[PDB]
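# An overview of the molecular structure
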Amino acid sequence: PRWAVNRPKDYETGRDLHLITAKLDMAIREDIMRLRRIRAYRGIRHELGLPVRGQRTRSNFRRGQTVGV
Amino acid sequence: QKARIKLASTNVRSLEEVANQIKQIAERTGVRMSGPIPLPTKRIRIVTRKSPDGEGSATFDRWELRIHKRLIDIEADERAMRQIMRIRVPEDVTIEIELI
Amino acid sequence: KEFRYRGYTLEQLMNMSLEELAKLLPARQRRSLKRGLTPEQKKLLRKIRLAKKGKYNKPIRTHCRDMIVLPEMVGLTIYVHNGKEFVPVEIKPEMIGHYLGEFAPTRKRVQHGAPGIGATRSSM
Amino acid sequence: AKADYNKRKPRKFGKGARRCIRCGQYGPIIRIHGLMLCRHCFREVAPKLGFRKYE
Amino acid sequence: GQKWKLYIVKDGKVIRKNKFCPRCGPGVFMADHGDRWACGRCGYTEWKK
Amino acid sequence: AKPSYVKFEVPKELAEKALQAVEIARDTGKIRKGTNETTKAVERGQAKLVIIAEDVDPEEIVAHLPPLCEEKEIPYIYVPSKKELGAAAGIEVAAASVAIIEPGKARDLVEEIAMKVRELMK
RNA sequence: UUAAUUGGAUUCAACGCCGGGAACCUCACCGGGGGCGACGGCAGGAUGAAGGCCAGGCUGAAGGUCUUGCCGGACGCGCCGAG
Ligand SMILES: [Mg+2]
Ligand SMILES: [Mg+2]
Ligand SMILES: [Mg+2]
Ligand SMILES: [Zn+2]
């Protein structure tokens, strides 16, 4: 069925496609790059390495080392 | 050819008084009257925080309002219906009469 | 190396009814278009069509951050409010289907300074 | 018309569509069984309405 | 100031240059756009000659 | 209208019936001042007593009522002074035409003077 | 850190607490735009005060202001008290 594939309604051709391995990776990279080229909010979040789906960032999502006073 | 009488009140004594008066009226005449059936009491519980601010340990009030009910069946006979229709219940009692 | 959105060129998208275009946009945009444009969005669209027809050669500014980008807006420049100033956004074909507000950030990027007094248990 | 710019919009949902009938506060409104009273105001008038603290 | 003129009046004859809005009666006077009868209170798109 | 317009003399009876017949009719009637307001009153016939005073210069907004006199019945009279015209009916200003429509108990002298003015000059 | 990231509470007895799960409202913060002075009296005002508009500019949008010219008849923030 058309609702079981991992790329329904492809952005270029408009067909319902399923991809594996290198093609899948390159399609994902192309999607992110397209977001970045138009300077959309999501693309900027991708560039800075910050959460993209609306999460709070004050408490969790900490990856680093403690700063001293 | 039977009438259904519904009663409700926040006070048990008044409710009992009205039911007993209707029972006396039904006794004073040749007529069968199914005894006053007690329906389950309606309870309204509201729980609230006590403090106006938000400092200190949280403590709560549990306020309650209780509404009692009764059901009475009688056969619609005009000699008996006039006596019951002219009774006045206290202001804190709701009375509803219907014919089935 | 041309542009295609669901197998259709930009010119073919230009001569498409609104209802027909809704079937190619994603679910959120299809629902928003099916429910109709808001009156402020109507005024903005009137100004956009006027500017396209060759009239109104003055900058177009708007408070409408929830407006969806449509194929007829490509090629223009629109100034979208971000809270305090109108920022310029140039509509490219790959912007079709996105809200305007997505291109006008409302917050400034954070560059942290030194933690102050009280920032750690031993600094209080 | 200038008085148009003093007038409020008549909302039907949200915190702005409900005010306490005793003091006018927005916010913590008790909507149970058609009451429209703030938590503050309900505490001090509950005995007058017939409520009791049995437990 | 004063605004009552441009009505053609002679020594004993009176006739108005600006007609009245047909929804109401005479006496009320329109504008002088030339393009259309503004009418002040209701509005019309008729392209007065 | 204006003193600079010889229509006729200043008959004492005319001022007598145009001035001293409105104070007793002010408390039982309606008053509509203003020549812009009255121009409509006179054209449409709303007014019942047109009392036109000789104080308006030039003959610009006054040159409407005398030409329109012969189109309707317009029982009309003139007022010598303007300072007390509002005092007789209205407010403490100078009035130009105080139109009263259907006044209570103000009929006999008004009819007599209106007939005299009709038989005087129209 | 920021244009603003509104404010209260800091041991037990502050920190899923202020019934505080804020898209608008809530809202107190920030950028921008409009409106409001019962009552006493001053300039004023029917030779019409204050107030209200079809159309098109300015504008995020607006008879808010403006342009074009229509409206209505009695109070009067251009001023001092006062609320
Ligand atoms: Mg805080
Ligand atoms: Mg929420
Ligand atoms: Mg808010
Ligand atoms: Zn309250």
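Cut-offs and rules
Residues numbered from 1 in each chain as written, not as in the entry; some residues may be left out. Chains lettered and ligands numbered in written order. Part of a larger assembly, values for the part shown. Heavy atoms only, no water. Helix = DSSP H or I, 4+ residues; strand = E, 2+ residues; numbered from the N terminus. Rg over C-alpha atoms; globule rule 2.2 N^0.38 Å. Buried < 20%, exposed > 50% of the residue type's maximum accessible area, 1.4 Å probe, protein only. Contact = heavy atoms within 4.5 Å. Areas by Shrake-Rupley, 256 points an atom, 1.4 Å probe, with all protein chains shown as cover. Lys, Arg positive; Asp, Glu negative; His and termini not counted. Charge placed at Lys NZ, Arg CZ, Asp CG, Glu CD. Buried area = accessible area lost by both parts, 1.4 Å probe. Salt bridge = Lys/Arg side-chain N within 4 Å of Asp/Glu carboxyl O. Polar contact = N/O pair within 3.5 Å; in protein donor to acceptor, adjacent residues only side chain to side chain. Nonpolar A, V, L, I, M, F, W, Y, C, P; charged D, E, K, R; others polar. Near = heavy atom within 4 Å. Pairing = 2+ DSSP bridges. Arc of directions from axis to C-beta. Donors = N, O, S within 2.8 Å, 3.2 Å for Na, K, Ca; no water. Axes fitted to C-alpha atoms, helices over the stretch in contact; angles between N-to-C directions.

### Description of the overall build of chain F
In terms of helices and strands, chain F carries six helices and four strands. The N-to-C order of helical and strand elements in chain F reads α-α-β-α-β-α-β-α-β-α. Against the 2.2 N^0.38 benchmark of 14 Å for 122 residues, chain F shows a C-alpha radius of gyration of 13 Å, consistent with a compact globule. Its C-alpha atoms put chain F at 35 × 30 × 30 Å along the principal axes. For chain F, with 122 residues in total, the buried portion stands at 38%. At a minimum sequence separation of 6, the contacts of chain F that also span at least 24 residues come to 87%. Accessible surface, chain F as shown: approximately 7,400 Å² in total, 55% of it carbon and sulfur. Between the averaged position of the 19 positive side-chain charges in chain F and that of its 22 negative side-chain charges there is a distance of 4 Å.

### Section: unusual backbone geometry
Put simply, F:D57 and F:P58 share a cis peptide bond, and its omega is -5°. Along the chain, F:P58 turns up in the loop between β2 (50–53) and α4 (65–68). In this model, C:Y56 sits at a positive phi of 70°, which is unusual for a non-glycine residue. Structurally, C:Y56 is set in the loop between α4 (39–52) and β1 (60–62). For C:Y56, a relative accessible area of 35% corresponds to the partly exposed category.

### Digging into the interface of chain C and chain A
Listed per partner, the contact involves 20 residues of chain C and 17 residues of chain A. The junction of chain C with chain A conceals about 1,400 Å² of combined surface from both sides, 58% of it contributed by carbon and sulfur atoms. Contact with chain A buries surface across chain C, with C:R6, C:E94 and C:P115 losing the most and accounting together for 40% of the total. Taken together, the connections running from chain C to chain A amount to two salt bridges. Across the salt bridge formed by C:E94 and A:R34, the nearest N and O atoms sit 3.7 Å from each other. Inspection of the chain C/chain A interface yields five residue pairs in polar contact. Each residue belonging to the side of chain C that touches chain A can be placed in one class, and the counts come to eight nonpolar, five polar and seven charged.

### Regarding the protein's contact with RNA strand G
Taken together, 60 residues sit near RNA strand G, with C:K43, C:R61, D:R11, D:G16 and E:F29 positioned nearest. Backbone atoms, meaning sugar and phosphate, form 64% of the atoms of RNA strand G found within 4 Å of the protein. B:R49 places a side-chain nitrogen or oxygen 3.3 Å from a sugar or linking oxygen of RNA strand G. Within the side chain of C:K84, one N or O atom sits 3.4 Å away from a sugar or linking oxygen of RNA strand G. Secondary-structure elements contributing two or more residues to the surface near RNA strand G are β2 (33–49) of chain B, α4 of chain C, β1 (29–30) of chain D together with α3 (35–44) of chain F. Partitioned by chemical class, the residues of the surface near RNA strand G number 21 nonpolar, 18 polar and 21 charged.

### Regarding the pairing of β2(F)
Residues and elements named next belong to chain F. A two-sided burial pattern is seen for β2, the buried positions comprising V50 and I52 on one face and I51 and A53 on the other. Across four bridges, β2 lies against strand β3 (residues 76–79) in parallel orientation. Within the sheet, the bridge partner assigned to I51 lies in β3 and is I77.

### Structural notes on helix α6 (residues 108–118) of chain F
Residue and element names in this part refer to chain F. Residues of α6 that are buried: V110, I113 and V117. For α6, the angular spread of the buried residues around the axis is 70°, confining them to a single face. Counted as exposed and oriented over 90 degrees from the buried face of α6: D108, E111, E112 and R118. Elements in contact with the buried residues of α6: α1 (12–19) and β3.

### Focus: the coordination of the zinc ion (ligand 4)
Residues and elements named next belong to chain D. At 2.3 to 2.6 Å from the zinc ion (ligand 4) lie its protein donor atoms, namely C20 (SG), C23 (SG) and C41 (SG). Counting the intervening residues between successive donors of the zinc ion (ligand 4) yields the motif C-x2-C-x17-C. Of this pair, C20 sits in the segment before β1 while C41 sits in helix α1 (residues 39–49), and the two are 21 residues apart along the sequence. No difference in accessibility class separates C20 from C41, as the two residues are buried.

### Details of the sheet that holds β2(B)
All names here are of chain B. Across the sheet, which stays open at both edges, the four strands sit in the order β2-β3-β1-β4 with antiparallel pairing between neighbours. Both outer strands of the open sheet, β2 and β4 (93–99), are each paired with one neighbouring strand and no more. Here the average twist between neighbouring strands, direction ignored, is 15°. Sheet topology places strand β1 (residues 2–9) next to β4; seven bridges connect them, and they run antiparallel. Pairing of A3 across the sheet is with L99, part of β4. Against the sheet, helix α1 (residues 12–27) touches β1, β2, β3 (60–75) and β4, its axis set at about 5° to β3.

### Notes on the interface of chain E and chain F
Often, the extent of an interface is quoted as the loss of accessible area upon association of its parts. Counting from both sides, the interface comprises 11 residues of chain E and, opposite them, 11 residues of chain F. Summed over both sides, the interface of chain E with chain F buries roughly 1,000 Å², with 53% coming from carbon and sulfur. The interface formed by chain E and chain F contains one salt bridge. Among the ionic pairs, E:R16 bridges to F:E43, the shortest N-O distance being 3.8 Å. Counting across the chain E and chain F interface gives one residue pair in polar contact. When the residues that make up the side of chain E that touches chain F are grouped by side-chain class, the tally is five nonpolar, four polar and two charged.

### Focus: the pattern of salt bridges
Residues and elements named next belong to chain C. Summed over the entire model, instances satisfying the criterion amount to 25 salt bridges over all chains. The residue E2 makes a salt bridge to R4 at a minimum N-O spacing of 2.6 Å. With a relative accessible area of 33%, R4 lands in the partly exposed category.

### Looking at the side chain of B:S51
Residue and element names in this part refer to chain B. Mapped onto the elements of the fold, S51 is located in the loop between β2 and β3. Exposure remark for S51: the relative accessible area of 15% places this residue in the buried category. A polar side-chain atom of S51 sits 3.4 Å from a polar atom in the side chain of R49. Of note is the side chain of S51, whose polar atom sits 2.8 Å from the backbone oxygen of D53.

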